[PDB]
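Worksheet: the structure to be examined is printed underneath.
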Amino acid sequence: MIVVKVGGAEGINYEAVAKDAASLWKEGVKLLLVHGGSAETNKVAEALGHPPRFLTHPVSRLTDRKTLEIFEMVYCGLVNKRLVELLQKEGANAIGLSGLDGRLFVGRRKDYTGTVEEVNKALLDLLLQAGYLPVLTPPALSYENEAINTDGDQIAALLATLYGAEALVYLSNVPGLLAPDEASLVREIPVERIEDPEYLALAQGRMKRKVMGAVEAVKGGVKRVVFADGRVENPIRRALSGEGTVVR
Amino acid sequence: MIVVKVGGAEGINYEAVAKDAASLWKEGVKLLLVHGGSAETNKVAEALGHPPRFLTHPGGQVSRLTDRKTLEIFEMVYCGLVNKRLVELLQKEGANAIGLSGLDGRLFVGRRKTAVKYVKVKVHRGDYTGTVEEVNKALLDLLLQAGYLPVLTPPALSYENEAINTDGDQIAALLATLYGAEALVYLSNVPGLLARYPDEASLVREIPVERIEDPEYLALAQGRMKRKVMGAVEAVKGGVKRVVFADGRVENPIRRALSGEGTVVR
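The structure is reproduced here in structure tokens:
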């Protein structure tokens, strides 16, 4: 099993992602895709006269009901269906689901934001066995059955640990972990270190935020986590080959 | 099996629909929900600066001109806003709803309109609209047997794998015939089928299938009325015991429809 998280930053090449994911899927490679839509959500929210609000912790989208609706429109409607269609065009039988569907992702609500603590793995296994490629996305369902915004990177990490994935891939609009340049990329980071809280305490906010998903995964057993470019062709195959930042 | 189609007209009481569907589901009544989102889509389209454009067909029927951008707005509202709103409402009521569009797992597949003619008579092209001719029944059966309540919506997937806008009423009718549904329920913002729409006085309470001897029987009926009735008649002929057109604004909308409130075609 390989879990692939498609970032929501501007520039993601969905066509290339779909093409590569489908190719791997047709070969028999078990796959779970998780995507986002932050950048596109901010734009639509703007256009709808409801400017995003982030609050700075010691960032996170201030999620009120209206914002959650826009979030769903973009994540669950625009991006999820765009990717499902692209995959179908490539010959992969994709099925798109949000955390609300069949109670796929359940967690605690903190503001309609929260965590994911439980996954309906039985539903995913049912679909995987029936020959479908799950394309997953937030929101999640709180213990009170309320739709809540949640961290997509953590969803992917949790899926990776539950399946003992051989590799967890994070695709973004950059070649990997950049300590904005591009020669400035970190090649490798041994699991032992990435897990150490002393190490993480020395990292810039940029990096500490981007690696938290990878941090949870390795401590959960995931053997390999890779941060790669989601703007290039064969983005997944290249990530699996070491291109980008490899953690293990 | 009971198939319920939630209309997209303005005024639908989603809370009431979800409460009723969930209560039936928790009582062991097998259900399939199909919904829409036309009114809310029009509003969002206007807000995003892409006003809806409709083609009045040579035969009276009106259809949304669906270019690529409109299709994306369509997906945002139907597949994002409405679908997830309903799934959440159902989960809150204790029904394990799972929302899907026709693209998902190739749930709904059909033919994309090669060309659309509208009123002199012109022919538009590049329209992402079509029909639904096949349903992935194995997928729905798999989910139903596993304890999930399907909440379905367009778009559909064309034979060329392109997302296409399609008639949700026909999707519901096809589903109902494939399952030999004991009832097909259409909920809207009116009490039922009005021959002199929107005159609620013109409500037709019962319509025997045998009465529509030939489609000519509806020659004098309004366009919509004609299409709604013929569709229902085909559904019944297709094996659906009864088709009901009822009010989706009231409490217990599905139960009331099943008890005969509204227009019943048999």
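The listed protein sequences derive, respectively, from chains A and C. All letters in the first sequence, in the order written, are residues 1 to 58, 62 to 113, 130 to 198, 201 to 269 by the authors' numbering. All letters in the second sequence, in the order written, are residues 1 to 119, 123 to 269 by the authors' numbering. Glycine is no exception: its CB is placed at the ideal position from the N, C-alpha and C atoms.
For this session: Output the boundary residues of the beta strand (DSSP E) element that contains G110(A).
Result: Unbroken beta strand (DSSP E) run through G110(A): 108-110.
Exercise. Would DSSP call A166(C) helix, strand or coil?
Worked result: strand
For this session: Starting from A149(A), find everything on chain C with Cβ-Cβ shorter than 9 Å and list it in chain order.
Result: Close partners of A149(A) in chain C (Cβ separation under 9 Å): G105, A141, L142, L145.
Exercise. Taking DSSP as the reference, what is the three-state secondary structure of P256(A)?
Worked result: DSSP places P256(A) in helix when its eight states are reduced to three.
For this session: Kindly list the residues whose CB is nearer than 7 Å to the CB of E165(C), restricted to its own chain and excluding five residues on each side of it in sequence; keep chain order.
Result: Taken in chain order, the residues that qualify are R112, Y131.
For this session: Indicate whether at least one CB of chain A lies closer than 7 Å to the CB of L81(C).
Result: yes
Problem set entry | Beta-carbon proximity list for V212(A), same chain, < 7 Å, skipping 5 on both sides | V239, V268, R269
For this session: Just mark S262(C) as buried or exposed, buried being the case when its beta carbon has 16 or more other beta carbons within 10 Å.
Result: By the neighbour-count rule (16 or more Cβ atoms within 10 Å), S262(C) is not buried but exposed.
Problem set entry | Which of helix, strand or coil DSSP assigns to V119(C) | Three-state DSSP puts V119(C) in coil, outside helix and strand.
Exercise. Listed in chain order, which residues of the region 3-32 of chain C have Cβ atoms closer than 7 Å to some Cβ of chain A?
Worked result: none
For this session: Within the region 19-67 of chain C, note down every full alpha helix (DSSP H) run reaching 4 residues or more, in order along the chain.
Result: 38-47
Exercise. Per DSSP, what kind of secondary structure is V87(A) in: helix, strand or coil?
Worked result: helix
For this session: Let me know if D202(C) comes out buried or exposed under the rule of 16 or more other beta-carbons within 10 Å of its beta-carbon.
Result: exposed
Problem set entry | Where the alpha helix (DSSP H) containing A175(A) begins and where it ends | Residue range 171-182 is occupied by the alpha helix (DSSP H) that includes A175(A).
For this session: Pair every Cβ in the region 247-259 of chain C with every Cβ in the region 20-30 of chain C, then say whether three or more of these pairs are closer than 8 Å.
Result: yes
Problem set entry | Range of the contiguous alpha helix (DSSP H) that encloses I12(C) | Unbroken run through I12(C): none, as it is neither H nor E.
Exercise. Between which two residues does the beta strand (DSSP E) harbouring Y220(A) extend?
Worked result: First-last for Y220(A): 218-221, but that is the alpha helix (DSSP H), not the beta strand (DSSP E).
Exercise. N83(C) and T169(C): beta carbons closer than 7 Å?
Worked result: Not closer than 7 Å, so no.
Problem set entry | Boundaries of the alpha helix (DSSP H) in which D144(A) is found, first to last residue | DSSP places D144(A) in the uninterrupted alpha helix (DSSP H) bounded by 140-148.
For this session: Return yes when the Cβ of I215(C) is within less than 7 Å of the Cβ of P153(C), no when it is not.
Result: no
Problem set entry | Beta carbon proximity, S101(A) to chain C, threshold 7 Å | yes
For this session: Assign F108(A) to one of two classes, buried (16 or more other C-beta atoms within 10 Å of its C-beta) or exposed (fewer than that).
Result: buried
For this session: Below 8 Å on the Cβ atoms is my guess for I167(C) versus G110(C); work out the distance and round it to an integer in Å.
Result: 7 Å
Exercise. Are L196(A) and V207(A) closer than 7 Å when you measure CB to CB?
Worked result: yes
Exercise. If you draw a straight line from the alpha carbon of residue 120(A) to that of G133(C), how long is it in whole angstroms?
Worked result: Residue numbering in chain A jumps from 113 to 130; residue 120(A), which lies between, is not modelled.
Exercise. Cα separation between residue 124(A) and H50(C)?
Worked result: Not modelled: residue 124(A), which lies between 113 and 130, the two residues flanking a gap in chain A.
Exercise. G99(C) lies in the beta strand (DSSP E); which residues open and close that run?
Worked result: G99(C) -> beta strand (DSSP E) spans 97-101.
Exercise. Which one of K123(C), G36(C), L160(C) has the shortest CA to CA distance from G59(C)?
Worked result: Ranked by how close their Cα comes to the Cα of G59(C), the residues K123(C), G36(C), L160(C) have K123(C) in first place.
For this session: Grab me the residues of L32(C)'s own chain with a C-beta within less than 6 Å of its C-beta, minus the 5 sequence neighbours each way, in chain order.
Result: Excluding residues within five positions, the ones whose Cβ falls inside 6 Å are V3, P153, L178.
Exercise. Alpha carbon to alpha carbon, how far is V246(C) from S191(A)?
Worked result: 50 Å
Exercise. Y78(C) by DSSP, collapsed to three states: which one?
Worked result: If DSSP states are grouped into helix, strand and coil, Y78(C) belongs with the helices.
Exercise. Hey, which unbroken runs of the alpha helix (DSSP H) at 4 residues or more fall wholly within the region 202-241 of chain A?
Worked result: Whole alpha helix (DSSP H) segments, 4+ residues: 212-216, 218-221, 226-240.
Exercise. What three-state label does DSSP hand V243(C) in the structure shown?
Worked result: coil
For this session: Give the range of the beta strand (DSSP E) segment to which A198(C) is assigned.
Result: Unbroken run through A198(C): none, as it is neither H nor E.
Problem set entry | Inter-residue Cα distance where the pair is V62(C) and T56(A) | 49 Å
Problem set entry | Residue burial classification, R53(A) (beta-carbon count within 10 angstroms, cutoff 16) | exposed
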